[PDB]
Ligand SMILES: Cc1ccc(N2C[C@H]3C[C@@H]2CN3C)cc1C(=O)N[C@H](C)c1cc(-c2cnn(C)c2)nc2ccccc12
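Just the one chain here, laid out as structure tokens, in the form solved without this ligand.
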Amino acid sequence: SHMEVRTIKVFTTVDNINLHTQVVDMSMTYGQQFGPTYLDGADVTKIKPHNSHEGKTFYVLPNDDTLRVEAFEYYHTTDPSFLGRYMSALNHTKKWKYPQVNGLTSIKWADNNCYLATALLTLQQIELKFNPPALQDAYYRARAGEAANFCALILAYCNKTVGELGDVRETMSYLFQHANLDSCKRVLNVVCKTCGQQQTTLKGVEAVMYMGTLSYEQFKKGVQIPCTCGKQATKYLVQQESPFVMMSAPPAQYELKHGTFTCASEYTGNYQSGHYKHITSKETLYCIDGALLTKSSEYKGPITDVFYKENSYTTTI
């Protein structure tokens, strides 16, 4: 009653570069032989091999020491569910569209991906280099217009699934964690009429992000914050060394003035449902909303994040 054994050669991988020769029995599923298995994002764990699969590359989970090392070196994570979440996302993002809008790779709206579109548009306007080879390779392709792998990696690194509501500031925080910001430096001073003054120094990601005001000029002049004594103290920027800065705040009506910022994100909605748009300051003000594009000489809206150019700043206060 035994059926004659039939096999094909396939390759397994965790980085799509280093390949691992395998011989699979076509009477057993991929899952029975490799564990969870994916073909360009599609879950084929429960699929039995097809003749058309011969010679193709399948992603698997890091289930031996060689694969564990290859996966860490490429992705800089050892989260056991990472590859499954990346493939699950990729199965969707490979079907998204990535139109060039005003010279930048955007994303046509789908699956609540507006926060990803404005993040991707923002990255193309600031100086930033990623550390994991996976992000280096995928971001290069995204700049060229093939952003499916990059978007699926953002989702995996942020632990977001396709369709989940995302926050732009949080998303940028994750991407900045995987970028080389080592030389970025920020010095702050906080002045309380009662308690005196206290200087602090921040480095890396914390040197380029601030939550509380959208205006870089106001940050240099001073913003009011609580002091432990109960009074409000004044916090201001003393010194800044970085190629950009990111200023964030809860969404509030805010006026964006041409030539005074690099780009910004706008959020219309509430804590459960909303929509992001991107504003970029070039020869005029362009509003990029996924595949849509409009222009205006002035802009006012519920802004959440503003990016500014920088190199070296020292206060005169």
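From 1 onward, residues are counted along the sequence shown.
The same protein also exists as the form deposited with this ligand bound; that form is not shown, yet it is the one meant from here on.
Placing this ligand onto this chain after superposition of the site C-alphas, with its pose taken in the entry with it bound, gives no ligand atom within 2.4 angstroms of any backbone or C-beta atom; the site is classed as open. Site annotation in the entry with it bound: the residue of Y59, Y267, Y286, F34 reaching within 4.5 Å of this ligand with a heavy atom is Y267.
Put simply, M211 is close to this ligand in the entry with it bound: some heavy atom of it is within 4.5 Å. Taking the partner from elsewhere, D167 is found to have a heavy atom lying within 4.5 Å of this ligand in the entry with it bound. Residue contact with this ligand in the entry with it bound: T12 places no heavy atom within 4.5 Å of it.
Looking at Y276, you'd find a heavy atom of it within 4.5 angstroms of this ligand in the entry with it bound. Judged by heavy atoms within 4.5 Å of this ligand in the entry with it bound, the contact stretch among the candidates 24-32, 278-286, 44-52, 245-253 is 245-253. Annotation for 297-314: the only interface residue with this ligand in the entry with it bound is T304 [heavy atom within 4.5 Å].
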